[PDB]
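Visitor: Okay, here's the structure, questions in a sec.
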Amino acid sequence: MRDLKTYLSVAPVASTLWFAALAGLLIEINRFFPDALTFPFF
Amino acid sequence: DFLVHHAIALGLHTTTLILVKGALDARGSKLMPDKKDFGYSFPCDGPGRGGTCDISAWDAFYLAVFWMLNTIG
Amino acid sequence: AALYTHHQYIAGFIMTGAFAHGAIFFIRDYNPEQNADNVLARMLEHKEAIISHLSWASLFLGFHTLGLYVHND
Amino acid sequence: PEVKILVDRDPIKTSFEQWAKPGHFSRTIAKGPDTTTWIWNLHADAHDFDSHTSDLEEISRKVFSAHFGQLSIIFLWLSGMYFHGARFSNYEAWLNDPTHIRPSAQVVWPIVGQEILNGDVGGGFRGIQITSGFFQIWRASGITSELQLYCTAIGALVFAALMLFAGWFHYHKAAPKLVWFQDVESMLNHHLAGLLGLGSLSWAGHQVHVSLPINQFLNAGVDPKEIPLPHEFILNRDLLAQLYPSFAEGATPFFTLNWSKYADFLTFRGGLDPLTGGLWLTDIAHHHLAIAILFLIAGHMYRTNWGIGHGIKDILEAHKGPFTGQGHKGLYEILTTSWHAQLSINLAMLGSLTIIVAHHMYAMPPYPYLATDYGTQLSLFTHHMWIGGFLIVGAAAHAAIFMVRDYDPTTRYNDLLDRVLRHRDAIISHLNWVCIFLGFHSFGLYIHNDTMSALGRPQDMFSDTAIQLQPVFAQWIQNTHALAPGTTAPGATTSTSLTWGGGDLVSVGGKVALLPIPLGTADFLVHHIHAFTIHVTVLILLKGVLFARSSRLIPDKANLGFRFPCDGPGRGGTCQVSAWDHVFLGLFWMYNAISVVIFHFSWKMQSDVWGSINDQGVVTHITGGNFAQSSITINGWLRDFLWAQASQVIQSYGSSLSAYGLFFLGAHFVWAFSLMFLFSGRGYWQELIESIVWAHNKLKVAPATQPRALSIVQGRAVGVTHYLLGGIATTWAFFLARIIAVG
Amino acid sequence: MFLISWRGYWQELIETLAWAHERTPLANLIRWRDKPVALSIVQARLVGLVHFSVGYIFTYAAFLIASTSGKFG
Amino acid sequence: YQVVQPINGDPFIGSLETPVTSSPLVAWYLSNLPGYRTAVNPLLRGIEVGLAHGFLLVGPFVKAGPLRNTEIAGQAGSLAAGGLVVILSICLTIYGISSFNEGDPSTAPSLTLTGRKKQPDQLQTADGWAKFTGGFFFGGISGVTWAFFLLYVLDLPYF
Amino acid sequence: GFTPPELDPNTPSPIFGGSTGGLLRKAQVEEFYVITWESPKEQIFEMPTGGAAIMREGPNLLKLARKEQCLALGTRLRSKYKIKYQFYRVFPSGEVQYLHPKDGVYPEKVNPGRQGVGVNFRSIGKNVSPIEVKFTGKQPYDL
Amino acid sequence: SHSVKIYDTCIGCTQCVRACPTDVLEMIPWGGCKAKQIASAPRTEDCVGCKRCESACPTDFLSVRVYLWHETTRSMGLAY
Ligand code: CLA
Ligand code: CLA
Ligand code: CLA
Ligand code: CLA
Ligand code: CLA
Ligand code: CLA
Ligand SMILES: CC1=C(/C=C/C(C)=C/C=CC(/C)=C/C=C/C=C(C)/C=C/C=C(C)/C=C/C2=C(C)CCCC2(C)C)C(C)(C)CCC1
Ligand SMILES: CC1=C(C/C=C(\C)CCC[C@H](C)CCC[C@H](C)CCCC(C)C)C(=O)c2ccccc2C1=O
Ligand SMILES: CC1=C(C/C=C(\C)CCC[C@H](C)CCC[C@H](C)CCCC(C)C)C(=O)c2ccccc2C1=O
Ligand code: SF4
């Protein structure tokens with residue numbers, strides 16, 4: 001468990017998880033507001 | 001025209017980077033502090049200290065010629 | 001078209017040569033003590049800020065120009 | 001002396017301690033990172049087991065377990081294939097009308113407007129067309145519904161899990177001992193008989209029961225869903241009796257040696273099936289039966305435990321003549337103590353085998369409705385060619401690694417290897433001369449033709465209408481092949497392939513499957529170009545292997561190791577003297593050779609083979625036979641091949657093939673990017689990184705792990721990797737777009 | 001070529017070539033007077049750059065003149 | 001029994017003894033060629049070499065030349081062969097001038113295969129090489145002229 | 001002061017089957033090198049030019065075309081087989097020149113009978129710039 | 001012949017001498033450090049310019065410097 005946590009935070013694994021989360025977030029934002037070329041709210 | 005002009009600016013800045021870096025570091029740097037005693041053009045300083053390929057100022061000019069050709073192209 | 005391409009390529013070669021000979025001067029004809037604290041010596045002593053900022057400009061231009069081109073494509 | 005099962009219990013206990021420590025294998029790496037270079041090293045030596053330790057037993061155990069892991073990966077890949085075919089494919093629609101529907105087994109979710117890639121492939125389906133040729137394999141196997149594909153996918157997943165567990169269990173619970181790995185006689189006996197022979201017998205048994213009756217029903221025109229299930233043909237035997245009467249007697253012909261009675265489904269026809277455009281399945285079943293017999297016999301050669309058999313040492317040491325001293329004496333000990341020797345031999349053989357597979361597979365198509373699926377044919381040929389070339393280059397890499405590391409005349413001395421090392425200079429000099437001579441006469445003729453055409457002197461050109469260079473030998477050989485059936489091979493009705501001759505063009509669904517391929521002056525020139533490129537790459541690789549240990553330049557090159565940048569700027573400069581650098585150059589030359597080979601194949605097929613048949617029998621070829629007259633000059637290759645056929649890919653924007661154009665441009669980019677690494681040296685980059693690091697130090701944001709520039713060898717490796725990726729990917733996109741739009 | 005392949009390979013190749021020439025009948029009667037050697041590192045870089053530039057210029061000049069003159073418009 | 005041996009039994013000289021390198025018939029044939037007739041006047045050896053080479057060169061120029069189809073194929077090819085012989089004579093003369101001096105002895109080896117003395121071949125001197133190259137030029141022009149005369153000037157059915 | 005050993009012909013040479021990496025014309029017209037060692041017992045070693053050779057019992061003499069080859073062979077003889085060696089340079093005139101170990105003790109161990117050559121009594125960073133030695137035949141490091 | 005220089009920062013570690021592949025360097029008596037040793041270059045005519053000695057020097061900057069100079073048949077490492 002402790003060693004699993006340690007290995008699960010090593011550079012490659014942490015980076016892949018971070019970028020998967022970022023990709024999912026951006027994908028969902030684009031899905032809800034697609035084809036957005038300007039900021040119209042204000 | 002906007003996009004291509006910015007490509008032109010990129011080319012100018014990178015060629016100037018290569019040439020300015022080659023000039024200002026000609027007299028020596030941290031990797032080869034005594035470069036001034038080895039002349040303008042020389043192959044390298046051997047594979048020691050991690051490897052010193054293309055460490056001369058002549059080699060900086062050499063790498064800048066490619067970027068000049070690309071930018072003028 | 002021929003004349004324009006002609007003169008632009010020759011101008012690029014001339015500029016690259018000018019920088020090459022600046023580096024050559026640094027190597028050969030530069031006297032650190034006789035140029036103590038003048039503009040040339042001060043250029044030599046903060047070379048790293050110049051090189052780093054020029055690198056930043058190149059990185060910005062390349063990143064964003066290529067990004068916009070690839071986006072449109 | 002005897003062959004038995006030997007293992008050791010619990011050599012390594014499964015745990016997570018070493019996961020937390022990056023790079024446990026190397027002591028200095030285990031200590032920690034000082035600079036960023038460390039990180040790269042950690043990956044560069046991940047699978048270099050023979051360097052982390054020196055015990056043969058540990059290396060062998062690691063190799064066995066890694067083999068299990070890779071086998072698990074392959075099984076997972078196959079399970080993914082079968083699942084995608086089962087769920088995200090139009091396999092049944094294609095099965096109902098093969099020539100009508102374009103195979104597809106991949107859809108893309110609609111997220112950022114990428115749904116344009118879900119093109120109209122037919123059969124009420126929208127997806128990405130696949131060129132892997134899986135649909136033809138499934139049709140040839142007798143798969144008719146998606147339930148069977150689902151079952152195969154689940155089974156492959158289970159076998160992937162089993163492979164993974166086997167790897168874990170064999171490395172951590174029961175690790176075979178060294179004498180077990182060194183038992184090569186029994187290994188060869190089992191692989192020849194237990195694996196190849198028995199596997200071929202099993203596949204023949206499947207084909208007799210499932211492939212033959214199912215494909216016969218399919219070709220008879222029965223709808224796929226109305227066909228009896230593959231198991232019924234086993235329960236009730238009259239089902240088989242109807243299609244082939246000889247099943248009525250059942251096995252008694254096989255035991256009374258009345259094998260002629262099995263001529264119904266065990267034939268020697270040859271050629272192609274006029275309906276499906278592939279090989280007769282009754283020929284493939286007989287093929288696999290004969291192969292099974294041959295391998296089951298050949299796997300009884302080497303002695304294991306019962307006296308009868310052959311000792312490989314005896315066979316090796318019994319061969320030697322006046323020209324080679326005591327040759328073959330000592331090779332058995334070399335090949336059973338060094339893994340790199342075996343790896344190099346096997347890599348060379350597998351690369352050659354893959355190349356031969358490509359050649360034979362486009363020669364006579366073995367799957368139904370594969371010949372007229374031009375995209376599939378082109379993609380399969382090109383893929384196998386590239387795989388084979390890479391494996392062959394790896395053969396040289398590992399031969400050089402063995403030469404540097406495991407070669408030792410004090411303890412393991414071989415005579416043939418010694419003589420080769422003693423006249424390497426003559427070998428390489430003559431090979432160099434051959435390379436120069438071939439280069440001048442193959443490419444020089446192209447330059448001559450180009451210059452004559454530019455000067456308006458077509459009468460002086462090396463063409464079919466000016467100065468002919470006819471490959472008389474190849475023409476004679478293929479003529480002898482055309483006349484073969486009924487003369488020299490009486491039992492065959494049709495020639496082995498339709499490329500030999502004899503006319504009998506075969507077409508399917510209005511498209512040309514195959515027809516005789518003519519050989520002319522352009523074929524002569526391109527074949528000599530092929531020979532030139534192969535010889536030059538062989539020169540590079542052989543020179544790297546032979547001069548790996550020492551030369552007249554650096555007499556102690558072995559002490560530096562297999563991989564190293566140089567030996568300084570002394571002696572005029574010793575850049576790229578190591579064997580690894582020779583492999584690095586051989587990669588470029590292999591890329592050149594394979595690119596030319598695939599270009600020749602594509603253009604020749606389009607010009608003289610592929611095309612559309614019409615009512616009167618007039619064949620209109622994709623390219624109107626311009627290869628014979630345009631391929632003899634470089635300008636023709638640049639204009640009539642690259643320029644003309646790039647139109648399909650460059651226009652792909654706005655359609656389902658837009659991804660191919662995107663990959664075309666991206667591959668161009670990556671290839672040009674590689675030149676950044678291939679042309680520069682690390683000194684300039686380190687000096688620049690110094691200024692960057694200073695800029696970071698000014699803001700208290702400098703990394704603790706000092707950022708060093710890439711090593712020299714790493715710079716070369718990155719350059720070659722990017723070069724190969726870019727070139728191969730741009731060719732991939734070009735071929736796929738061209739053949740999908742025009743095919 | 002000169003930009004990717006480097007000196008050591010060519011030096012060893014030339015060594016074996018010298019052996020071969022010295023070991024053959026009727027041609028060993030002819031003897032070179034300057035010992036053959038591979039091009040220097042700096043010289044190889046310069047030759048590679050010169051080839052790169054000459055090819056660049058010639059191909060672009062051909063393209064530009066042919067395309068503008070082909071249409072004359 | 002082993003076929004390949006070190007040179008003269010000396011295993012530290014960069015070469016080997018092989019049937020191709022040193023077989024009775026091959027050794028005799030090579031020793032009986034003009035280049036290796038050490039004790040013969042260099043002019044006559046040059047004459048033989050030039051005759052052989054000039055006669056050799058005519059064929060390819062005549063048959064494969066740009067004017068092969070034209071009626072003047074023989075004349076054009078013979079002139080080209082003569083010109084090539086002239087250029088080869090130029091090359092020989094400059095090589096001899098650059099590689100030899102009047103006041104120096106022969107650079108040829110003075111020892112034979114059994115270790116006994118012998119007069120070094122005079123071909124490797126300045127005047128010896130001058131005589132050899134003059135003989136080669138004369139013989140080459142004569143050979144080109146003969147090959148041209150043998151064909152075209154005289155029918156003589158060949159091929 | 002350590003009379004260098006004199007080269008002794010007639011000493012047997014190692015058993016070797018011939019190679020294409022041996023001497024060439026440079027040995028004939030310029031110079032070649034000779035290395036000698038003792039080797040207590042007959043054994044097989046790796047040649048610096050080709051394959052494997054066998055050292056004869058007693059003295060062994062081997063002639064090479066490069067000094068670097070002699071040094072590589074000596075290093076292998078010294079570290080692998082624990083053998084003492086010396087090699088010479090031979091000119092076409094018939095001269096022999098003792099080369100290594102120059103003063104009877106290998107160059108690795110300090111000897112009280114050696115003078116300093118090319119030693120600068122200053123740090124490498126205190127060399128004059130080229131401008132100070134311009135138009136003089138000297139180089140900044142030669143000072 | 002390449003020019004090899006030894007500078008006074010040398011600590012007499014001997015690592016450069018072990019590295020030279022032509023026996024150009026030596027150890028000589030000296031008194032400015034604990035080892036009473038310093039490197040010498042009495043046979044630079046046999047130097048091939050490999051700069052393998054500099055790769056072994058642990059001082060910063062180097063104490064042994066190789067300046068490539070006029071090339072000879074010995075410096076070019078030619079066996080022909
Ligand atoms: C297509 C060829 C190519 C490309 C793309 C580049 C690009 C670059 N060169 Mg280079 N160069 C080239 C050829 C090329 N060069 C050749 C042939 C030579 C002759 C040897 C040189 C010699 C040279 C020198 C000497 C120098 C450069 C420098 C630079 C950088 C300048 C900074 C900049 O513009 O910001 C960025 C430009 C970009 C194009 C961005 C590239 C990264 C994009 C965003 C992709 C991101 C990755 C993406 C997520 C996909 C990842 C995939 C996954 C598998 C990892 C830049 C990255 C200078 C430098 O280092 O800058 C300080 C420098 O000094 N070049
Ligand atoms: C399932 C639990 C498990 C656990 C806890 C361990 C734990 C351990 N194993 Mg082990 N092993 C396992 C399963 C396991 N293994 C299996 C199933 C196999 C068969 C393949 C092996 C075979 C094996 C070998 C041969 C060796 C070990 C070794 C080790 C030890 C060293 C660190 C390590 O694991 O490497 C690092 C951990 C990783 C996760 C590395 C990644 C490896 C996977 C296979 C990569 C997946 C490939 C991927 C698809 C590639 C495509 C890339 C793409 C995704 C971009 C460690 C105590 C080594 C050892 O004991 O040293 C003496 C040793 O040599 N294991
Ligand atoms: C740069 C100047 C130059 C000139 C003026 C020529 C001129 C010629 N070339 Mg050449 N060529 C050149 C450069 C040149 N070339 C270069 C750089 C190359 C390398 C790419 C070639 C490659 C080349 C080839 C491969 C061939 C030619 C051929 C020819 C001839 C073809 C026309 C013909 O049939 O005439 C008349 C035809 C004749 C056979 C008469 C021969 C010419 C005279 C009579 C020979 C007398 C020579 C004289 C003794 C002087 C010796 C040379 C001396 C000045 C040192 C023509 C005389 C073709 C040819 O004719 O073959 C020889 C041919 O095959 N050229
Ligand atoms: C009938 C006997 C038999 C069979 C069929 C095989 C088959 C195979 N062996 Mg193997 N081997 C055998 C006997 C056999 N061996 C014996 C007696 C020895 C000792 C001398 C060895 C020692 C040996 C080594 C050292 C290696 C192999 C490897 C392999 C695989 C090669 C890669 C391949 O082609 O994948 C083909 C894939 C398939 C055919 C898929 C089905 C796989 C089935 C389930 C295999 C089951 C056979 C196995 C021997 C069953 C016994 C285990 C039992 C207790 C459950 C292959 C699956 C290599 C490997 O590890 O694989 C990557 C390898 O490194 N074998
Ligand atoms: C069954 C085939 C096989 C096997 C088992 C091996 C095994 C081995 N090889 Mg080898 N090799 C092979 C084939 C094989 N090779 C072939 C075909 C070639 C020719 C290309 C080579 C050329 C080669 C060289 C030059 C070297 C080895 C080396 C090694 C050893 C260490 C490799 C390592 O872990 O480094 C680390 C491995 C990596 C860092 C992985 C590299 C990742 C690649 C470059 C990326 C691939 C890109 C992908 C296909 C597409 C892009 C995806 C991306 C965008 C996400 C190891 C024992 C090394 C050695 O020292 O031997 C002892 C070494 O120097 N091999
Ligand atoms: C290797 C490629 C190659 C080849 C095979 C040819 C071949 C030919 N060219 Mg050519 N050419 C080439 C490249 C090539 N070219 C290139 C790169 C250029 C520059 C762009 C030219 C430009 C050119 C021009 C301008 C012309 C030709 C012409 C010709 C023809 C006559 C040339 C001639 O007579 O020369 C002389 C031939 C010889 C002296 C023969 C020497 C070779 C002998 C036969 C082989 C010796 C080996 C021997 C067998 C070894 C055995 C030893 C044993 C006896 C001991 C001929 C068929 C002419 C023509 O009219 O075309 C029809 C012509 O005018 N070429
Ligand atoms: C009138 C007018 C105007 C004005 C303007 C101005 C006034 C500005 C400018 C300008 C400028 C501002 C320009 C510039 C340029 C620059 C350059 C071109 C540069 C450079 C550099 C270099 C070249 C370097 C060299 C060297 C070195 C490197 C170091 C050593 C020394 C030497 C010097 C050698 C305008 C147009 C707006 C508008 C209209 C009106
Ligand atoms: C660019 C270049 C370098 C520099 C190469 C570098 C700096 C490697 C760059 C790798 C990445 C871009 C940096 C490491 C990324 C980290 C993992 C941090 C990522 C964090 C976020 C950005 C995700 C060389 O060292 C070199 C050496 C020899 C010949 C040519 C070259 C050469 O062309
Ligand atoms: C091919 C090659 C060689 C070998 C190149 C050789 C031996 C040159 C041989 C060329 C001959 C002499 C013919 C060249 C013809 C030229 C057109 C003639 C130019 C002469 C004057 C007109 C200037 C290297 O030595 C080398 C070294 C370092 C990096 C790369 C390389 C490299 O690529
Ligand atoms: S450069 Fe090489 S040969 Fe010269 S002194 Fe240094 S280590 Fe010795």
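Each chain in the structure tokens gets a letter, A, B and so on, in the order shown; residues start at 1 in every chain, and ligands are counted from 1 in the order they appear.
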Residues of chain G within 7 Å of chain H, counting only C-alpha atoms, what are they? List them as a list in words.

Guide: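 Only these qualify: residues 24, 25, 26, 65, 66, 67, 68, 71, 107, 108, 109, 110, 111, 112, 114, 115, 116, 117, 118, 119, 120, 121, 122, 123 and 124 of chain G.
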
Visitor: Using only C-alpha atoms, please write the residues we just selected to a file, as a PDB file, in the first residue's frame.

Guide:
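So the final result, stored in out.pdb, reads:
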```
ATOM      1  CA  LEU G  24      52.228  -2.622 -44.923  1.00  0.00           C
ATOM      2  CA  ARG G  25      54.518  -0.358 -46.958  1.00  0.00           C
ATOM      3  CA  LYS G  26      54.906   2.059 -44.039  1.00  0.00           C
ATOM      4  CA  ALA G  65      52.928  -1.352 -37.474  1.00  0.00           C
ATOM      5  CA  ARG G  66      51.697   1.139 -34.838  1.00  0.00           C
ATOM      6  CA  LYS G  67      52.875   2.154 -31.376  1.00  0.00           C
ATOM      7  CA  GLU G  68      49.273   2.247 -30.152  1.00  0.00           C
ATOM      8  CA  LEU G  71      50.620  -0.400 -26.078  1.00  0.00           C
ATOM      9  CA  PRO G 107      55.456   5.622 -16.413  1.00  0.00           C
ATOM     10  CA  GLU G 108      52.648   5.168 -13.864  1.00  0.00           C
ATOM     11  CA  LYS G 109      55.043   5.021 -10.880  1.00  0.00           C
ATOM     12  CA  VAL G 110      56.991   8.164 -10.020  1.00  0.00           C
ATOM     13  CA  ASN G 111      60.736   7.798 -10.555  1.00  0.00           C
ATOM     14  CA  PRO G 112      63.414  10.128  -9.107  1.00  0.00           C
ATOM     15  CA  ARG G 114      62.690  12.100 -14.604  1.00  0.00           C
ATOM     16  CA  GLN G 115      62.655  15.768 -15.592  1.00  0.00           C
ATOM     17  CA  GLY G 116      59.529  17.782 -16.312  1.00  0.00           C
ATOM     18  CA  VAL G 117      58.609  18.513 -19.929  1.00  0.00           C
ATOM     19  CA  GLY G 118      55.804  20.856 -20.938  1.00  0.00           C
ATOM     20  CA  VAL G 119      54.737  21.719 -17.377  1.00  0.00           C
ATOM     21  CA  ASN G 120      53.211  25.153 -16.762  1.00  0.00           C
ATOM     22  CA  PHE G 121      53.486  26.625 -13.265  1.00  0.00           C
ATOM     23  CA  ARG G 122      50.085  28.300 -13.284  1.00  0.00           C
ATOM     24  CA  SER G 123      46.415  27.419 -13.489  1.00  0.00           C
ATOM     25  CA  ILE G 124      44.916  26.899 -16.935  1.00  0.00           C
TER      26      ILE G 124
END
```

Visitor: May I ask you to write as a ChimeraX atom specification all residues lying at most 7 Å from ligand 1, with only C-alpha atoms and all ligand atoms counted?

Guide: /B:10,14,17-18,63-64,66-67 /C:55,58-63,66-67 /D:669-680

Visitor: Residues of the last selection are to be written out with N, CA, C and O atoms, as a CSV table (one decimal), in the first residue's frame.

Guide:
```csv
chain,number,residue,atom,x,y,z
B,10,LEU,N,10.0,34.6,-36.5
B,10,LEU,CA,10.6,33.4,-35.8
B,10,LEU,C,11.9,33.1,-36.4
B,10,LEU,O,12.9,32.8,-35.7
B,14,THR,N,15.5,33.2,-34.4
B,14,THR,CA,16.2,32.0,-34.1
B,14,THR,C,17.6,32.1,-34.7
B,14,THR,O,18.6,31.7,-34.1
B,17,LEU,N,19.6,34.2,-32.6
B,17,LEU,CA,19.9,33.5,-31.4
B,17,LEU,C,21.2,32.7,-31.6
B,17,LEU,O,22.1,32.7,-30.8
B,18,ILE,N,21.2,31.9,-32.6
B,18,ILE,CA,22.3,31.0,-32.9
B,18,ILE,C,23.6,31.8,-33.1
B,18,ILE,O,24.6,31.5,-32.5
B,63,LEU,N,25.6,26.0,-37.7
B,63,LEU,CA,24.2,25.7,-37.5
B,63,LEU,C,23.3,26.9,-37.8
B,63,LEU,O,22.1,26.7,-38.1
B,64,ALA,N,23.8,28.1,-37.8
B,64,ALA,CA,23.0,29.3,-38.1
B,64,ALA,C,22.8,29.4,-39.6
B,64,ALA,O,21.8,30.0,-40.1
B,66,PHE,N,21.9,27.0,-41.7
B,66,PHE,CA,20.7,26.2,-42.0
B,66,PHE,C,19.5,27.1,-41.7
B,66,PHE,O,18.6,27.2,-42.5
B,67,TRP,N,19.5,27.8,-40.6
B,67,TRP,CA,18.3,28.6,-40.2
B,67,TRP,C,18.2,29.8,-41.1
B,67,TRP,O,17.1,30.2,-41.5
C,55,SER,N,16.2,33.5,-26.6
C,55,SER,CA,15.6,32.1,-26.6
C,55,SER,C,14.1,32.2,-26.3
C,55,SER,O,13.3,31.5,-26.9
C,58,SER,N,12.2,33.4,-29.3
C,58,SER,CA,12.1,32.4,-30.4
C,58,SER,C,11.1,31.3,-30.0
C,58,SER,O,10.3,30.9,-30.8
C,59,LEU,N,11.1,30.9,-28.7
C,59,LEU,CA,10.2,29.9,-28.3
C,59,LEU,C,8.8,30.4,-28.4
C,59,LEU,O,7.9,29.6,-28.9
C,60,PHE,N,8.5,31.6,-28.0
C,60,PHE,CA,7.1,32.2,-28.1
C,60,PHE,C,6.7,32.2,-29.5
C,60,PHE,O,5.6,31.7,-29.9
C,61,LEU,N,7.5,32.7,-30.4
C,61,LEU,CA,7.1,32.8,-31.8
C,61,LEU,C,6.9,31.5,-32.4
C,61,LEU,O,5.8,31.2,-33.0
C,62,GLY,N,7.8,30.5,-32.2
C,62,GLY,CA,7.6,29.2,-32.8
C,62,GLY,C,6.4,28.5,-32.3
C,62,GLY,O,5.6,28.0,-33.1
C,63,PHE,N,6.3,28.5,-31.0
C,63,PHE,CA,5.1,27.8,-30.4
C,63,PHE,C,3.8,28.3,-31.0
C,63,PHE,O,3.0,27.5,-31.5
C,66,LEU,N,3.4,28.0,-35.0
C,66,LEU,CA,3.1,26.6,-35.4
C,66,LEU,C,1.7,26.2,-34.8
C,66,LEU,O,1.0,25.4,-35.5
C,67,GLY,N,1.4,26.6,-33.6
C,67,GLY,CA,0.1,26.2,-33.1
C,67,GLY,C,-1.1,26.7,-33.9
C,67,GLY,O,-2.0,26.0,-34.2
D,669,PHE,N,6.7,16.8,-41.0
D,669,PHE,CA,7.2,17.7,-40.0
D,669,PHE,C,8.2,16.9,-39.1
D,669,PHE,O,9.3,17.4,-38.8
D,670,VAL,N,7.8,15.7,-38.7
D,670,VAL,CA,8.7,14.9,-37.8
D,670,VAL,C,10.0,14.5,-38.4
D,670,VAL,O,11.1,14.6,-37.8
D,671,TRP,N,9.9,14.2,-39.7
D,671,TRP,CA,11.1,13.9,-40.5
D,671,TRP,C,12.1,15.1,-40.5
D,671,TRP,O,13.3,14.9,-40.3
D,672,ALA,N,11.5,16.3,-40.9
D,672,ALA,CA,12.4,17.4,-40.9
D,672,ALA,C,12.9,17.8,-39.5
D,672,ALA,O,14.0,18.3,-39.4
D,673,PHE,N,12.1,17.5,-38.5
D,673,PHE,CA,12.5,17.7,-37.1
D,673,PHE,C,13.7,16.8,-36.7
D,673,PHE,O,14.6,17.3,-36.0
D,674,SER,N,13.8,15.6,-37.2
D,674,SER,CA,14.9,14.7,-36.9
D,674,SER,C,16.2,15.3,-37.3
D,674,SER,O,17.2,15.1,-36.7
D,675,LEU,N,16.2,16.1,-38.4
D,675,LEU,CA,17.5,16.7,-38.9
D,675,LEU,C,18.1,17.6,-37.9
D,675,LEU,O,19.3,17.8,-37.9
D,676,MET,N,17.3,18.2,-37.0
D,676,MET,CA,17.8,19.0,-35.9
D,676,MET,C,18.8,18.2,-35.1
D,676,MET,O,19.8,18.7,-34.7
D,677,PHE,N,18.4,16.9,-34.8
D,677,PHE,CA,19.3,16.1,-34.0
D,677,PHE,C,20.4,15.5,-34.8
D,677,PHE,O,21.5,15.2,-34.3
D,678,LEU,N,20.1,15.1,-36.1
D,678,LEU,CA,21.1,14.4,-36.9
D,678,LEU,C,22.3,15.3,-37.3
D,678,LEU,O,23.3,14.8,-37.7
D,679,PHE,N,22.1,16.7,-37.3
D,679,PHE,CA,23.1,17.6,-37.9
D,679,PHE,C,23.9,18.3,-36.9
D,679,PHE,O,25.0,18.8,-37.2
D,680,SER,N,23.5,18.4,-35.6
D,680,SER,CA,24.1,19.2,-34.6
D,680,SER,C,24.9,18.3,-33.6
D,680,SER,O,24.8,17.1,-33.6
```

Visitor: Which parts of range 1-112 of chain G does DSSP call alpha helix (DSSP H) when run on the backbone here, written out as number ranges by chain?

Guide: G: 25-29, 67-79

Visitor: Counting only C-alpha atoms, figure out which residue out of C:13, C:27, C:56, C:8 gets nearest to chain D.

Guide: C:56

Visitor: Give me, please, the distance in Å between CA of residue 340 in chain D and CA of residue 398 in chain D, quoted to one decimal.

Guide: 5.6 Å

Visitor: Based on DSSP run over this structure's backbone, return all residues of range 95-140 of chain G in strand (DSSP E or B), as a list in words.

Guide: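 So the strand (DSSP E or B) residues in range 95-140 of chain G would be residues 96, 97, 98, 99, 100, 119 and 120 of chain G.
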
Visitor: Output the neighbourhood of ligand 9 as number ranges by chain, that is, all protein and nucleic acid residues with some atom at most 9 Å from the ligand, counting only C-alpha atoms and all ligand atoms.

Guide: D: 573, 575; E: 1-11, 13-14, 36-45, 47-48

Visitor: Counting only C-alpha atoms and all ligand atoms, name the residues that have an atom within 9 Å of an atom of ligand 6; the answer should be given as a PyMOL selection string.

Guide: (chain D and resi 437-452+455+457+459-462+467) or (chain F and resi 56-68+77+80-81+84)

Visitor: Give as JSON, numbers by chain the residues surrounding ligand 5 up to a distance of 6 Å, considering only C-alpha atoms and all ligand atoms.

Guide: {"D": [43, 44, 45, 46, 47, 48, 390, 391, 393, 394, 397, 580, 721]}
